[PDB]
Amino acid sequence: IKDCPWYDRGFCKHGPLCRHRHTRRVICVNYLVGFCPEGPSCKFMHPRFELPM
Amino acid sequence: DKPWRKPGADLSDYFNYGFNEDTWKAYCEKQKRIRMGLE
Amino acid sequence: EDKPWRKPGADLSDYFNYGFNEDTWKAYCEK
Ligand SMILES: [Zn+2]
Ligand SMILES: [Zn+2]
């Protein structure tokens, strides 16, 4: 099992029927604004927008 | 289809980070606006 | 460093959203 990369980007059209896990996360305000100096170690998520296939 | 609208639907099964269908669409337009001007 | 994203091997997108980099972030802020 893996975290659903669609849910991690922010929207998974399959909802509860997804085979992947839908891990609820909290977005990093600074990354949402455009830049966060904490990187990988940020306590909050940095969601990518690239679509998985 | 929009099965996340249907009554009794848990929006959070579909949307992460506290997004809804309206805030998700705005965030998609923000991605597009900011990215177009970058290298 | 003061600036861990510059370090060899670091992924810029762990720090910068929207495909920003140090140069284009500075310019965007200082507009
Ligand atoms: Zn999913
Ligand atoms: Zn952060």
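Residue numbers begin at 1 in each chain, while the letters A, B, ... track the order of the sequences. Counting convention: from 1, in listed order, for ligands and their atoms alike.
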Between C:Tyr28 and C:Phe20, is the ring centroid distance below 6.0 Å? yes

Under 6.0 Å between ring centres: does that hold for B:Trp4 and A:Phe11? yes

Is there a continuous path of hydrophobic side-chain contacts, each under 4.5 Å between heavy atoms, that joins A:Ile27 to B:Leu11? yes

Should A:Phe35 and B:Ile34 be counted in the same cluster of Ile, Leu, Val, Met, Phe, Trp and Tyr side chains packed under 4.5 Å apart? yes

What are the protein N/O/S atoms, named by residue and atom, that sit under 2.8 Å from the Zn ion (ligand 1)? A:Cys4 SG, A:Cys12 SG, A:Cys18 SG, A:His22 NE2

Does NZ or CZ of A:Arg9 come closer than 6.0 Å to the centre of the six-membered ring of A:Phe49, within 45° of the ring's axis? yes

Which of the protein's N, O or S atoms come within less than 2.8 Å of the Zn ion (ligand 2), not counting waters? A:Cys28 SG, A:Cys36 SG, A:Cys42 SG, A:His46 NE2

Any ion pair linking C:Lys3 and C:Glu22 (charged N to carboxylate O, less than 4.0 Å)? no

Backbone N or O of A:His46 within a donor-acceptor pair of the C:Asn17 side chain at under 3.5 Å? no

Could you walk me through whether C:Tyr18 and A:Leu32 pass side-chain contact (heavy atoms from CB on, under 4.5 Å), step by step? CA-CA 9 Å; C:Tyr18 308 109; A:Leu32 172 62; 3.8 Å; yes

Do A:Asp8 and A:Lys2 sit within salt-bridge range, that is, some charged N less than 4.0 Å from a carboxylate O? no

